[PDB]
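Have a look at the structure below, then the notes.
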Amino acid sequence: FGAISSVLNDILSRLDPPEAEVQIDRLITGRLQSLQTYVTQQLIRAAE
Amino acid sequence: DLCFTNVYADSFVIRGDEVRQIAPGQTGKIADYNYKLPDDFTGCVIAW
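One line per chain: the protein sequences are A and B, in this order.
Residue numbers for the first sequence, in the UniProt record's numbering: 970 to 1017.
Residue numbers for the second sequence, in the UniProt record's numbering: 389 to 436.
If you want it as structure tokens, here you go:
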């Protein structure tokens, strides 16, 4: 999603918190958006 | 135009080649074993 590496322990180990926060926050934005997408698909499919 | 509960004045002297360490999210000898500002530091760093 625009991060360094898609592994959280990898980001946290490679970088210091002052930048791990940014890389993480990008991972969080992406994964949260993916969860929202999945939950909305489930909502519509459950309505059907 | 801003009120504050308590304002702190931390005082010390350093070299111009070390001012960058007296700031949030830095690294170095000072920001390691001497004096470290928080990650969410809310204030100004002043020197003359």
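The beta carbon of each residue, even a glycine, is placed where N, CA and C say it ideally should be.
request  = Work out the CA separation of A:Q1011 and B:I402 for me, nearest whole Å.
outcome  = Position 14 of the second sequence, counted from the first residue, corresponds to residue 402 of chain B. Position 42 of the first sequence, counted from the first residue, corresponds to residue 1011 of chain A. One C-alpha to the other measures close to 60 Å.
inquiry  = Excluding the 5 residues flanking B:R408 on each side, which residues of the same chain have their C-beta closer than 7 Å to its C-beta?
reply    = Position 20 of the second sequence, counted from the first residue, corresponds to residue 408 of chain B. Closer than 7 Å at Cβ, skipping near neighbours: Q414.
ask   = Would A:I973 pass as a contact of A:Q992 if the rule is Cβ separation under 8 Å?
value = Position 4 of the first sequence holds residue 973 of chain A. Position 23 of the first sequence holds residue 992 of chain A. Result yes, Cβ atoms of A:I973 and A:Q992 sit closer than 8 Å.
key: Near-chain B residues of the stretch 981 to 1014 of chain A (beta-carbon distance less than 9 Å), N- to C-terminal order   = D985, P986, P987, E988, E990
ask   = With DSSP run on the structure shown, which of helix, strand or coil describes B:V401?
value = Locating residue 401 of chain B in the second sequence gives position 13, counting from the first residue. Note: B:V401 maps to coil in three-state DSSP.
inquiry  = To the nearest angstrom, how far is the alpha carbon of B:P412 from that of A:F970?
reply    = What you label residue 412 of chain B is simply residue 24 of the second sequence in a count that begins at 1. What you label residue 970 of chain A is simply residue 1 of the first sequence in a count that begins at 1. Each residue's Cα considered, the two are about 26 Å apart.
query = If you drop the 5 nearest sequence neighbours on each side, which residues of the same chain put their C-beta closer than 6 Å to that of A:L981?
reply = As a first step, residue 981 of chain A must be located in the first sequence, where it is residue number 12. Answer for A:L981: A989, listed in chain order.
inquiry  = Quick check on DSSP: helix, strand or coil for A:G999?
reply    = Sequence index remark: in the first sequence, residue 999 of chain A carries index 30 (1-based). Helix, per DSSP.
Residue from B:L390, B:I410, B:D389 whose Cα sits closest to the Cα of B:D420 = As a position in the second sequence, residue 420 of chain B is number 32, starting the count at 1. If we check each option's Cα against that of B:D420, B:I410 comes out closest.
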